[PDB]
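Visitor: Below: one structure in structure tokens.
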RNA sequence: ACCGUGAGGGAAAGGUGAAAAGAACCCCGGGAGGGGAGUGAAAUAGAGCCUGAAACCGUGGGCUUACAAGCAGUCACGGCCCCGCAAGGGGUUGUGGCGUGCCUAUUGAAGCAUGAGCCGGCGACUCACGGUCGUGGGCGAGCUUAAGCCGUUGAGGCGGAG
RNA sequence: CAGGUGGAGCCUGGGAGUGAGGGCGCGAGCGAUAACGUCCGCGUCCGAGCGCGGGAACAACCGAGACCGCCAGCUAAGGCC
RNA sequence: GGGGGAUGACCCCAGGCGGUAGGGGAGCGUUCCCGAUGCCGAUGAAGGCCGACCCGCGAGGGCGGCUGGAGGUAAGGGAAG
Ligand SMILES: [Mg+2]
Ligand SMILES: [Mg+2]
Ligand SMILES: [Mg+2]
Ligand SMILES: [Mg+2]
Ligand SMILES: [Mg+2]
Ligand SMILES: [Mg+2]
Ligand SMILES: [Mg+2]
Ligand SMILES: [Mg+2]
Ligand SMILES: [Mg+2]
Ligand SMILES: [Mg+2]
Ligand SMILES: [Mg+2]
Ligand SMILES: [Mg+2]
Ligand SMILES: [Mg+2]
Ligand SMILES: [Mg+2]
Ligand SMILES: [Mg+2]
Ligand SMILES: [Mg+2]
Ligand SMILES: [Mg+2]
Ligand SMILES: [Mg+2]
Ligand SMILES: [Mg+2]
Ligand SMILES: [Mg+2]
Ligand SMILES: [Mg+2]
Ligand SMILES: [Mg+2]
Ligand SMILES: [Mg+2]
Ligand SMILES: [Mg+2]
Ligand SMILES: [Mg+2]
Ligand SMILES: [Mg+2]
Ligand SMILES: [Mg+2]
Ligand SMILES: [Mg+2]
Ligand SMILES: [Mg+2]
Ligand SMILES: [Mg+2]
Ligand SMILES: [Mg+2]
Ligand SMILES: [Mg+2]
Ligand SMILES: [Mg+2]
Ligand SMILES: [Mg+2]
Ligand SMILES: [Mg+2]
Ligand SMILES: [Mg+2]
Ligand SMILES: [Mg+2]
Ligand SMILES: [Mg+2]
Ligand SMILES: [Mg+2]
Ligand SMILES: [Mg+2]
Ligand SMILES: [Mg+2]
Ligand SMILES: [Mg+2]
Ligand SMILES: [Mg+2]
Ligand SMILES: [Mg+2]
Ligand SMILES: [Mg+2]
Ligand SMILES: [Mg+2]
Ligand SMILES: [Mg+2]
Ligand SMILES: [Mg+2]
Ligand SMILES: [Mg+2]
Ligand SMILES: [Mg+2]
Ligand SMILES: [Mg+2]
Ligand SMILES: [Mg+2]
Ligand SMILES: [Mg+2]
Ligand SMILES: [Mg+2]
Ligand SMILES: [Mg+2]
Ligand SMILES: [Mg+2]
Ligand SMILES: [Mg+2]
Ligand SMILES: [Mg+2]
Ligand SMILES: [Mg+2]
Ligand SMILES: [Mg+2]
Ligand SMILES: [Mg+2]
Ligand SMILES: [Mg+2]
Ligand SMILES: [Mg+2]
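Residue numbers (PDB author numbering), protein chains in the order written: chain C8, 2 to 118; chain 58, 1 to 138; chain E8, 1 to 113; chain 31, 57 to 207; chain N8, 2 to 60; chain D8, 1 to 101.
As structure tokens, this is what we get:
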């Protein structure tokens, strides 16, 4: 018996071009450039996942350091205060705390300013 | 819990004297303000910044021999179209522009960096346009 | 209620004819008729014929009232290409495609309350 | 394949790719690579494996109570109407496929046309046929030669 | 001379932007001084062209 | 009157009547988990230490789950190396009831 | 057919419908074509006729774009449009972060090194007989038949030369 | 002789691929106490880690061996106008 | 790998899991055969076009809608153009 390609290759191609929807020019319309583009989207996604984690923290940090410079200090010291002060409850995620709950932040500043000296 | 992000904010203004302030050291902050990395809601992709007005910019002062030795260069497009302009010459011809330059180079690059630079309004000597609030900052 | 005509296998190149079609899209039949006469292109002739057969089609078949109809949609699609051998220097022999238009005029009635 | 052996084009300087005859498999219309030729799928099973296998497959029908021996029928004089009668009387309604093994030409041609019967001379007892059919039925003539085959 | 050749097939984007000037202008027409029909100006009409001089007679 | 609570190596600001998705934990649905772990009161001056003791927040497991599939792919040019794996990350949902001082 | 002086080379090209019932007649038109009408279960089965993919061309709609610059994606936020009681999702892209095509060949390629205009379909580790290991079973001081003979709804048996 | 249970070691067999290497450190020869030079030695990395961080960018220098996910934490190198 | 003594597909606990040449292992899918004088099918086969839905790590499999108009062919096994 002979098994000719038939339906298989059209399917496999369709799958991928579907994934490529929205991509520019041929990259959406040609199975090859679709596939090539996708390799690239695949590794960026993975890589950018790990880095979304970085991208966010570095935002939180600027935001803290911003808010507590109103209260006259470094992010640098602030964290150290909070380290000594036992307040290792983090944050840096919360940081809406600095924005949405200013006083609760301020209290947190003062618990921080007074630690180990 | 998503991270908070500003809704449309009020464009606060700010006034600066610059007379006797150094240059890049004055520039550093003018940048920070422009970005608004002093505001706790700071967002990278938006630019809720302060507008900055700077006066007495003929009067920035700088250290070392820079007034003579420091050169600004301008390449036109053309053969031998690189222009070389000393600090003293600049200040004497267009005072400021040196602060505008120092700040611009300190703002980020791309569509948004170029916008923030519009928000820094620099004048020579005293006064300026009196429209907004412009709390004096030192 | 809309009325349409389609010329099929018109031996003309779609790009060429499409050009004068865009010249009458959305136009009232009175100007559309007027434009094709004094538009100087070979595709003016053919489009006019389709346009007209679609006007005739409106009045007789669809009871649409000749004074109120404009061009609603009009478009040329591209039918099959006539391929001819064009002999070339150093014995080379390319092939030119004598291409083919499918012309479409669709008519509808200007609201005309 | 039909075509010539001629080299289709010079092989340098035409600017085209590079070729031999058009019978080459890379060509639409050319030879096939490694596809099928006539060949003989038969092999030789060990004979003891066929004995064992024959024996076991009967055994497996016996172990199920599905095996029946019969004497003499009387649904002979081959007519499927006649058989279909005796069948009923013997407890075969054709709710289960039946492998009928007997040397009687007449009973065989009787059952033959039933959709639920397959039919065999005894010297032709094979395991495939046993396993396909839900119930085995033999006459005693058949069971003899079946027993004389194994061992 | 050697043989300049295009280095890259041009994108549908690019040819279609080439053609951004290709669109036609409708012919400029004015109503006929006598007759009902439309005529491009400064031209004797296809029906009964003018007055003082002798038009091509559709009359 | 919020809290700041610690479940599954992360922290979240919860309020009463908050439906919160959280890393999966061992519970049957409908059961109640007091996560004895609480890091802040929304009252300001009560804050501190790793965890304020005696405090806790009560939310009950609304049922578990699996998140929308993430396709994590790896490609290495010129070495003929490609890997595809789908990943669905199991969670549990909670509704936040009582903030207990 | 065609190509070659000749020997010789040597293709493409199948499918309406159950039935032609193969669209009378009217309309536009020089015809071609189409609109009605009619046939049909169906006419985007209408003869350039089963299905009718993809590249390709086009009309309409939504989002978007004329001070930004780039392997075209990706992660985040925001806007506008759609679906949904809701929460939620689909679309699109403004700004921000990140980002050196695929394959091949190489010590080393985004590479200014090879190949590829794009899409469809064709395309490359086989089979015979020996061998050598492993493995699943049969029988074990034994194991096993070849040709051939008999016999067969695709029935198996015998045959001991070797 | 002892510790060392390791994707350790030894024996028999089946299947390979490789036999163009490169940089860097150290030790020599050749070279000019030239070469991104050449040839050996011992080591390492690239090769196959052109995956991540640092070094502006950069196979092989510093950091470090990427199973998947997280809008959590601590660090390495290098950094903190 | 160790336990749990269900003899696994199942639950604990501890580890390992960058990779080219290459070795090993398990799966998916296409054509054909037995299963089939069967079963699915015009209340619609195969094929086509959508899908933000379900199952699978993945190759894939489902399901729903549209098109299509006469075929398709489980479980379990066999063979390959
Ligand atoms: Mg094939
Ligand atoms: Mg990290
Ligand atoms: Mg801390
Ligand atoms: Mg010529
Ligand atoms: Mg000639
Ligand atoms: Mg020859
Ligand atoms: Mg060429
Ligand atoms: Mg052939
Ligand atoms: Mg010349
Ligand atoms: Mg020239
Ligand atoms: Mg790369
Ligand atoms: Mg390589
Ligand atoms: Mg001849
Ligand atoms: Mg009818
Ligand atoms: Mg019709
Ligand atoms: Mg159809
Ligand atoms: Mg049809
Ligand atoms: Mg048919
Ligand atoms: Mg058709
Ligand atoms: Mg459009
Ligand atoms: Mg500009
Ligand atoms: Mg703009
Ligand atoms: Mg450009
Ligand atoms: Mg971007
Ligand atoms: Mg390949
Ligand atoms: Mg080479
Ligand atoms: Mg080479
Ligand atoms: Mg080389
Ligand atoms: Mg290039
Ligand atoms: Mg070259
Ligand atoms: Mg190239
Ligand atoms: Mg070469
Ligand atoms: Mg190649
Ligand atoms: Mg192809
Ligand atoms: Mg063999
Ligand atoms: Mg063998
Ligand atoms: Mg063997
Ligand atoms: Mg015979
Ligand atoms: Mg020892
Ligand atoms: Mg080893
Ligand atoms: Mg070995
Ligand atoms: Mg060698
Ligand atoms: Mg080496
Ligand atoms: Mg060497
Ligand atoms: Mg040293
Ligand atoms: Mg060297
Ligand atoms: Mg050297
Ligand atoms: Mg070395
Ligand atoms: Mg190599
Ligand atoms: Mg590296
Ligand atoms: Mg290594
Ligand atoms: Mg590189
Ligand atoms: Mg770097
Ligand atoms: Mg590892
Ligand atoms: Mg350090
Ligand atoms: Mg593990
Ligand atoms: Mg591995
Ligand atoms: Mg077939
Ligand atoms: Mg019917
Ligand atoms: Mg089939
Ligand atoms: Mg279907
Ligand atoms: Mg089947
Ligand atoms: Mg093949």
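Beta carbons: idealized from backbone N, C-alpha and C, even for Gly.
Identify which residue in 61 (chain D8), 39 (chain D8) and 17 (chain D8) has its Cα closest to the Cα of residue 123 (chain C8).
Guide: There is no way to answer for residue 123 (chain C8), as the model of chain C8 reaches only from 2 to 118.
Visitor: Are any of the Cβ atoms in chain 58 nearer than 8 Å to that of residue 113 (chain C8)?
Guide: Chain 58 contact via Cβ: absent.
Visitor: Could you tell me the alpha carbon to alpha carbon distance between residue 109 (chain 58) and residue 85 (chain 58), rounded to whole angstroms?
Guide: Those two C-alpha atoms are separated by around 24 Å.
Visitor: For a contact defined as C-beta to C-beta under 9 Å, what are the partners of residue 2 (chain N8) on chain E8?
Guide: Result: empty, since nearest Cβ-Cβ is about 16 Å, beyond 9 Å.
Visitor: Apart from the five residues on each side of it in sequence, which residues of its chain come closer than 7 Å, Cβ to Cβ, to residue 48 (chain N8)?
Guide: Excluding positions up to five away in sequence, the list reads 36, 38 and 59.
Visitor: Specify, as a first and last residue, the run of the alpha helix (DSSP H) that residue 112 (chain 58) falls within.
Guide: Counting along the chain, residue 112 (chain 58) falls outside any alpha helix (DSSP H), and DSSP gives it neither H nor E.
Visitor: List, in order along the chain, the chain 58 residues whose C-beta lies closer than 8 Å to that of residue 99 (chain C8)?
Guide: Near residue 99 (chain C8) (Cβ distances below 8 Å), the residues of chain 58 are 40.
Visitor: Starting from residue 94 (chain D8) and walking both ways along the beta strand (DSSP E), at which residues does that stretch end?
Guide: Looking at the DSSP string, the run of the beta strand (DSSP E) that includes residue 94 (chain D8) is 90 to 100.
Visitor: Three or more beta-carbon pairs under 8 Å between the region 75 to 83 of chain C8 and the region 50 to 66 of chain 58, yes or no?
Guide: With a cut-off of 8 Å, the region 50 to 66 of chain 58 and the region 75 to 83 of chain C8 do not count as touching, because too few Cβ pairs lie within range.
Visitor: Applying a beta-carbon distance threshold of less than 8 Å, which residues of chain 58 neighbour residue 79 (chain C8)?
Guide: Here the premise fails: no neighbours, minimum Cβ distance about 13 Å.
Visitor: Hey, out of 8 (chain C8), 40 (chain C8) and 12 (chain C8), whose CA is closest to residue 80 (chain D8)'s CA?
Guide: Comparing Cα positions, the closest option is 40 (chain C8).
Visitor: Assign residue 61 (chain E8) to one of two classes, buried (16 or more other C-beta atoms within 10 Å of its C-beta) or exposed (fewer than that).
Guide: The residue is exposed, with fewer than 16 neighbouring Cβ atoms inside 10 Å.
Visitor: How big is the Cα-Cα spacing for residue 107 (chain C8) and residue 72 (chain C8)?
Guide: Near 8 Å, if we compare the C-alpha coordinates of residue 72 (chain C8) and residue 107 (chain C8).
Visitor: Decide if residue 117 (chain 31) is buried, meaning its Cβ has at least 16 other Cβ atoms within 10 Å, or exposed.
Guide: Answer is buried; the Cβ neighbour count reaches 16.
Visitor: Taking 8 Å as the CB-CB cut-off, is residue 70 (chain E8) touching chain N8?
Guide: Taking Cβ atoms only, chain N8 never reaches closer than 8 Å to residue 70 (chain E8), which makes this a no.
Visitor: Would you please verify whether the beta carbon of residue 83 (chain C8) is less than 8 Å from any beta carbon of chain 58?
Guide: No - not a single Cβ of chain 58 is within 8 Å of the one on residue 83 (chain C8).
Visitor: Under three-state DSSP, which class holds residue 13 (chain 58)?
Guide: Three-state result, residue 13 (chain 58): strand.
Visitor: Using three-state DSSP, classify residue 99 (chain 31) as helix, strand or coil.
Guide: Reduced to three states, the DSSP call for residue 99 (chain 31) is coil.
Visitor: Quick one: is residue 44 (chain 58) near chain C8, going by C-beta distance under 8 Å?
Guide: Residue 44 (chain 58) counts as touching chain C8.
Visitor: For residue 20 (chain 58), I'd like the list of residues in its chain whose CB is within less than 6 Å of its CB, leaving aside the five on either flank, ordered along the chain.
Guide: Closer than 6 Å at Cβ, skipping near neighbours: 61.
Visitor: So the alpha helix (DSSP H) residue 139 (chain 31) belongs to, where does it begin and stop?
Guide: 136 to 145 is the span of the alpha helix (DSSP H), which, as asked, contains residue 139 (chain 31).
Visitor: Taking the DSSP output, what are the residues bridged to residue 195 (chain 31)?
Guide: 126 (chain 31), per the DSSP bridge assignment.
Visitor: Taking the straight line between their C-alpha atoms, what separation do you get for residue 145 (chain 31) and residue 124 (chain 31)?
Guide: In a straight line, the C-alpha of residue 145 (chain 31) is about 13 Å away from that of residue 124 (chain 31).
Visitor: For a contact defined as C-beta to C-beta under 8 Å, what are the partners of residue 89 (chain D8) on chain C8?
Guide: The contacting residues do not exist; residue 89 (chain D8) stays about 12 Å from chain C8 at best.
Visitor: If contact means a Cβ-Cβ distance below 7 Å, which residues of the region 1 to 29 of chain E8 contact chain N8?
Guide: Against chain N8 - using a Cβ distance shorter than 7 Å - the residues of the region 1 to 29 of chain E8 are 19, 20, 22 and 23.
Visitor: Short check: CB of residue 12 (chain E8) to CB of residue 104 (chain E8), under 8 Å?
Guide: Taking 8 Å as the Cβ cut-off, residue 12 (chain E8) and residue 104 (chain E8) do not qualify as a contacting pair.
Visitor: For residue 34 (chain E8), decide whether its Cβ has a neighbour in chain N8, counting only Cβ atoms nearer than 8 Å.
Guide: Cβ-Cβ to chain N8 under 8 Å: yes for residue 34 (chain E8).
Visitor: Figure out for me which residue from 92 (chain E8), 9 (chain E8), 44 (chain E8) and 86 (chain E8) has the closest Cα to the Cα of residue 77 (chain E8).
Guide: Checked all of 92 (chain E8), 9 (chain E8), 44 (chain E8) and 86 (chain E8); the closest Cα to residue 77 (chain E8) is 9 (chain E8).
Visitor: Would residue 129 (chain 31) be called buried (16 or more neighbouring beta carbons within 10 Å of its own) or exposed?
Guide: Its Cβ being crowded by 16 or more others within 10 Å, residue 129 (chain 31) is buried.
Visitor: What residues from chain 58 crowd round residue 68 (chain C8), counting only those whose CB sits closer than 8 Å?
Guide: Correct list: 40.
Visitor: I'd like the span of the beta strand (DSSP E) that includes residue 50 (chain 58), first residue to last.
Guide: Neither: residue 50 (chain 58) is in no beta strand (DSSP E) and is coded neither H nor E.
Visitor: Measuring only the C-alpha atoms, how far is residue 27 (chain 58) from residue 91 (chain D8)?
Guide: Between residue 27 (chain 58) and residue 91 (chain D8), the C-alpha separation is close to 49 Å.
Visitor: What is the DSSP secondary structure of residue 32 (chain 58), counted as helix, strand or coil?
Guide: The answer is helix: DSSP assigns residue 32 (chain 58) an H, G or I state.
Visitor: Exposed or buried, what is residue 18 (chain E8) when buried is set at 16 or more other beta-carbons lying within 10 Å of its beta-carbon?
Guide: Per the 10 Å Cβ criterion, buried.
Visitor: To be precise: take each residue of the region 38 to 50 of chain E8, compare its Cβ to all Cβ atoms of chain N8, and keep it if any distance is under 7 Å. Which residues remain?
Guide: Those residues of the region 38 to 50 of chain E8 that come within reach of chain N8 (Cβ to Cβ, closer than 7 Å) are 38 and 39.
Visitor: Tell me, please, which residues DSSP counts as bridged to residue 52 (chain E8).
Guide: BP columns for residue 52 (chain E8) are empty, so no partner.
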